[PDB]
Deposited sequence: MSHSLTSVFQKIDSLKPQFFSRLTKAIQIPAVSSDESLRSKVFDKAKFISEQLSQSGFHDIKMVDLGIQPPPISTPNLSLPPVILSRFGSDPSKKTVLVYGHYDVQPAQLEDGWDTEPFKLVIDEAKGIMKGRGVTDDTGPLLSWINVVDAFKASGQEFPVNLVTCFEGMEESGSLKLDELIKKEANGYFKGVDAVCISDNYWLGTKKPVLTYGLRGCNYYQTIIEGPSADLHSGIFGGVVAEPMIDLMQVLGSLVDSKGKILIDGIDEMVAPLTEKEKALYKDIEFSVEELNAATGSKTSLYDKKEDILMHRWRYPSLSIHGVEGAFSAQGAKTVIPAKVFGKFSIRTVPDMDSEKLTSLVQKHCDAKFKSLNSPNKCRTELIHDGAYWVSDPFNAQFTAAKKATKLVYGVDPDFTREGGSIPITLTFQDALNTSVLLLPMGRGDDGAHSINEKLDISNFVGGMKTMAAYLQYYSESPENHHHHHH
């Protein structure tokens, strides 16, 4: 019970009522960063969090202004502030920086939610919390504060100096955060010894994991324009060229129904499969039956465990998200859309270069479009990019985290990679020159970016205790 972790573990149980309360208030402020009309909510969310920091012991609190929303439509809307804080300033202790994000994906009841997405429903009988942002990423984020509180209530010494970096643009490209970290590497973040992030999930639903790899993400829109305004599809049908028709062809040329990306040049950039990397992949626990459970269907593209895992983790993927600018409500509308935007993204792996990938994508789309012999205008542009990240899971942090997991969940965690992405992870590693650990709180069926997003209370509590032991053990590790 290192400096009595049992004391801390006990307080974590006792304080569940205030933790729940804190988490309810947070979830109720709909910090949807992608929604301009809710930007003010995003600020209230940041404000609420800074208030929790301050009520707990945190100091040197800074609501950092990245500036005005820019990049590639903004009415001079300010960006959500990045929240920096410290807890403790003992020069003999290690300093751990924790990062998370307080903005959240959009959500509406009518999307199919069983409960209202921004009313956090807590069911201690089933042991689940249902609400948008509860696993991605407001639950895990607030967990760091809960943990500070538990050390406090248990009268136990906090094992490290905590430093916080909470942004509110993660669901919207993490704009400008990149620059902040680099700018502050020899400033607010000067003394950092390590970075921990809780912003992903267990592979499955039964066994905890530690994550040593993330895919990157390149998000594209293909824009096709024709007439100057929408056209009655009857008056002009068969006589003017249709952006929607070209677009089905261009979009339909990016990837097949088996998952094979059809863009020339990508496969060449994909790092080959090594025996070293192959070692780690075995002994994982996972089956397609689990994938089917999370999916809610039998629609996997692979049956072999090795295949499912490798195609989630280390082979790229291309997904097609939807069309902007056409007719998307229910029923019928007889219209020829004037200007449409096809949405699609690529999950990047080593060793894919962002730049080259974008060129390849443009080259492919331009060429396909030109082969249509269409009078329409067309071009493909990048909306946002985020780097992939791979690390060796043997350094001090993973060891500390491994013992922590073992302590709480009674088994050693699998070592896994992630299909998902956390864009700044690489920026933390390189800019600060420290190791990064990913410590998933929730399960792989939590429904992030979907309806009925849930966090199991067992993962909530288990994850907090795991965060507590991890900080404790890390503080004890010789390096």
property: Sequence ranges absent from the coordinates, based on the deposited chain and numbered from 1; result: 73, 481-487
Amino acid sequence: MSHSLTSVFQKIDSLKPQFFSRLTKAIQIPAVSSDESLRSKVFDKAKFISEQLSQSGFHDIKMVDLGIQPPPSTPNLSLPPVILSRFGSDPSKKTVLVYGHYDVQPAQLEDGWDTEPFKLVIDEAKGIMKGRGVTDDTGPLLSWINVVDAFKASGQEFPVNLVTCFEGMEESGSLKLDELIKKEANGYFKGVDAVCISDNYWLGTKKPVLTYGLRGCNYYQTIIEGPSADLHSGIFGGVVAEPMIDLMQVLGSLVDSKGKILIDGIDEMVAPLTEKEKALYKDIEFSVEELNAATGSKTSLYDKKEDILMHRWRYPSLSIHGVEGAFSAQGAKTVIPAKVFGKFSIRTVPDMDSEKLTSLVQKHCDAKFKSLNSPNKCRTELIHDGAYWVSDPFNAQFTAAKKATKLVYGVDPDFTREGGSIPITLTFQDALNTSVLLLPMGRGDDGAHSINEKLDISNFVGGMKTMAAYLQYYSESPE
From here on, numbers count along this sequence of modelled residues.
property: Given 444-452 and 59-67, the range whose Cα B-factors average higher in the PDB entry; result: 59-67
property: Mean C-alpha B-factor comparison - 229-237 and 262-270, higher one; result: 262-270
property: Deposited CA B-factor, highest of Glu285, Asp136, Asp123, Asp111; result: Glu285
property: Criterion, highest CA B-factor; candidates, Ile336, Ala279, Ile320, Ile197; result: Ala279
property: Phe158, C-alpha B-factor rank within chain (lowest, middle or highest third); result: highest
property: Third of the chain's Cα B-factor distribution that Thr164 belongs to, per the entry; result: lowest
property: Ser33 - which third its CA temperature factor falls in, relative to the rest of the chain; result: lowest
property: B-factor third for the C-alpha atom of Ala396 within its chain; result: middle
property: Ranked C-alpha temperature factor of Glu324 among modelled chain residues, by third; result: lowest
